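Student: One structure, pasted below without further comment.
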Amino acid sequence: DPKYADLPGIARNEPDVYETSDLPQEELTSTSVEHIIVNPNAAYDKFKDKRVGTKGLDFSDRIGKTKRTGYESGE
Amino acid sequence: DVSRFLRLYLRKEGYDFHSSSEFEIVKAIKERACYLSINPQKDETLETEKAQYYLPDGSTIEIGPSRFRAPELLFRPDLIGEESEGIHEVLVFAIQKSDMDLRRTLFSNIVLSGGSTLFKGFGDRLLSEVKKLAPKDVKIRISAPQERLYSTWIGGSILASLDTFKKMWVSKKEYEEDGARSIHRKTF
């Protein structure tokens, strides 16, 4: 009796939850495009020590020479 | 393709266009606003204006690097991704195709034409190109009114108004007989 005789206007006997009952791609047939089985370390060893050098790494839309192709120095 | 290249520049700075009419409007923009800054690198180092023309609705049309850098591709054709030579080298090769006992006259013989050619920084800068190409003692004698297009039509009009012109054409009965080979024979 927290407030039974005290206050007769407070809720009880209420099942306000509203229940229910327990009642519970890879079309590779085509020949469209391949994939590669990821192995980050394999590709890491693939691109292992490419000493690419960026001498004059310029790719602007400048017009003053013949052509521009950076990422060119090697070992 | 220079206009399409201009459209490419437009998308490069956010202006996509794809329709035929749209492309024609771009053509009007190009042929309306284009020139040739004589010193490419030098003028590039300097600052532009990017003055804006307005669309039928009235939107931003800046000058950009475009209206002078894009027509230079006609002289540096490799930038489009195609090994070519550029009008200057082409004509130089044509001079080499000629004979030394005539080339002096050919230096004087500079019959220029072409309606697309009508832009600023064109003739005189091209003469500077010639200066870099042609050797000493060359005389500039350039045919250059803007009505060279019409001049072809006019030349054909006067050509039509001739005496020997009758024999110059191809008769209809000649087509009725053979036509083809005779057409190649009369045109050569």
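Chain labels follow the order of the structure tokens: the first chain is A, the next B, and so on; residue numbering restarts at 1 in every chain, and ligands are counted from 1 in their shown order.
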Could you tell me which residues of chain B sit within 10 Å of chain A when counting only C-alpha atoms, and give me the result as number ranges by chain?

Tutor: B: 39-42, 44-45, 65, 69, 72-73, 76, 78-79

Student: Please identify all polymer residues within 10 Å of residue A:75, counting only C-alpha atoms, omitting same-chain residues fewer than 5 positions from it, and present them as a compact mmCIF listing (two decimals) with N, CA, C and O atoms, in the first residue's frame.

Tutor:
```
# COMPACT_ATOMS: atom_id res chain seq x y z
N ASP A 49 59.24 -2.29 -53.33
CA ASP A 49 60.23 -1.24 -53.21
C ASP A 49 60.36 -0.38 -54.45
O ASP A 49 61.47 -0.14 -54.93
N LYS A 50 59.24 0.07 -54.99
CA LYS A 50 59.29 0.89 -56.19
C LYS A 50 59.75 2.29 -55.79
O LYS A 50 58.97 3.14 -55.35
N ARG A 51 61.05 2.53 -55.96
CA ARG A 51 61.66 3.82 -55.64
C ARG A 51 61.24 4.85 -56.66
O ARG A 51 62.07 5.30 -57.45
N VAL A 52 59.98 5.24 -56.68
CA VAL A 52 59.54 6.21 -57.67
C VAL A 52 59.98 7.60 -57.25
O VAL A 52 59.75 8.02 -56.11
N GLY A 53 60.63 8.32 -58.17
CA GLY A 53 61.09 9.66 -57.88
C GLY A 53 60.28 10.68 -58.63
O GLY A 53 59.99 10.50 -59.83
```

Student: Going by DSSP on the backbone, which residues of stretch 41-185 of chain B come out as alpha helix (DSSP H)? List them as a PyMOL selection string.

Tutor: chain B and resi 41-45+66-69+86-96+103-108+123-133+148-160+165-168+172-177+180-185

Student: Work out how far atom CA of residue B:58 is from atom CA of residue B:34, in Å to one decimal.

Tutor: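 Atom CA of residue B:58 lies at a distance of 19.4 Å from atom CA of residue B:34.
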
Student: List as a VMD selection string the protein and nucleic acid residues near residue B:104, meaning an atom at most 10 Å away when only C-alpha atoms are counted, but skip any in the same chain fewer than 2 places from it.

Tutor: chain B and resid 95 99 to 102 106 to 109 137 to 139

Student: Would you work out the distance separating atom CA of residue B:91 from atom CA of residue B:156, expressed in Å to one decimal?

Tutor: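 Here the two named atoms are 24.9 Å from each other.
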
Student: One decimal, Å: what's the distance from atom CA of residue B:2 over to atom CA of residue B:116, could you say?

Tutor: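 Taking atom CA of residue B:2 and atom CA of residue B:116, their separation equals 11.0 Å.
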
Student: Find the residues near residue B:64: any atom within 8 Å, counting only C-alpha atoms, skip ones fewer than 4 places away on the same chain, and give them as JSON, numbers by chain.

Tutor: {"B": [48, 49, 50]}

Student: Residues of the last selection are to be written out with N, CA and C atoms, as a PDB file, in the first residue's frame.

Tutor:
```pdb
ATOM      1  N   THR B  48      45.133  37.512 -65.405  1.00  0.00           N
ATOM      2  CA  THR B  48      44.093  37.688 -66.400  1.00  0.00           C
ATOM      3  C   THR B  48      43.024  38.691 -65.973  1.00  0.00           C
ATOM      4  N   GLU B  49      41.879  38.637 -66.642  1.00  0.00           N
ATOM      5  CA  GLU B  49      40.761  39.508 -66.324  1.00  0.00           C
ATOM      6  C   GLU B  49      39.569  38.686 -65.877  1.00  0.00           C
ATOM      7  N   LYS B  50      39.281  37.623 -66.634  1.00  0.00           N
ATOM      8  CA  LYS B  50      38.154  36.718 -66.420  1.00  0.00           C
ATOM      9  C   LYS B  50      36.841  37.483 -66.450  1.00  0.00           C
TER      10      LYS B  50
END
```

Student: Mind listing the strand (DSSP E) residues of stretch 29-159 of chain B, per DSSP on the backbone, as number ranges by chain?

Tutor: B: 53-54, 60-61

Student: Fewer than 5 positions away in the same chain doesn't count, so skip those; otherwise give me all residues within 8 Å of stretch 120-131 of chain B, counting only C-alpha atoms, as a short mmCIF file (atom, residue, chain, number, x, y, z; two decimals) with C-alpha atoms, in the first residue's frame.

Tutor:
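Wrote around_0.cif, looks like this:
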```cif
data_model
loop_
_atom_site.label_atom_id
_atom_site.label_comp_id
_atom_site.auth_asym_id
_atom_site.auth_seq_id
_atom_site.Cartn_x
_atom_site.Cartn_y
_atom_site.Cartn_z
CA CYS B 34 38.82 34.13 -78.33
CA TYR B 35 42.27 35.60 -79.01
CA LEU B 36 45.94 34.62 -78.87
CA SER B 37 48.28 35.93 -76.20
CA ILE B 38 51.62 36.14 -78.04
CA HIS B 88 53.56 26.74 -89.35
CA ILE B 140 55.42 39.02 -95.56
#
```

Student: Find the spatial neighbours of stretch 160-176 of chain B, counting only C-alpha atoms, within a cut-off of 10 Å - ignore same-chain residues fewer than 5 positions away - and output them as a PyMOL selection string.

Tutor: chain B and resi 154-155+181-183+185-187
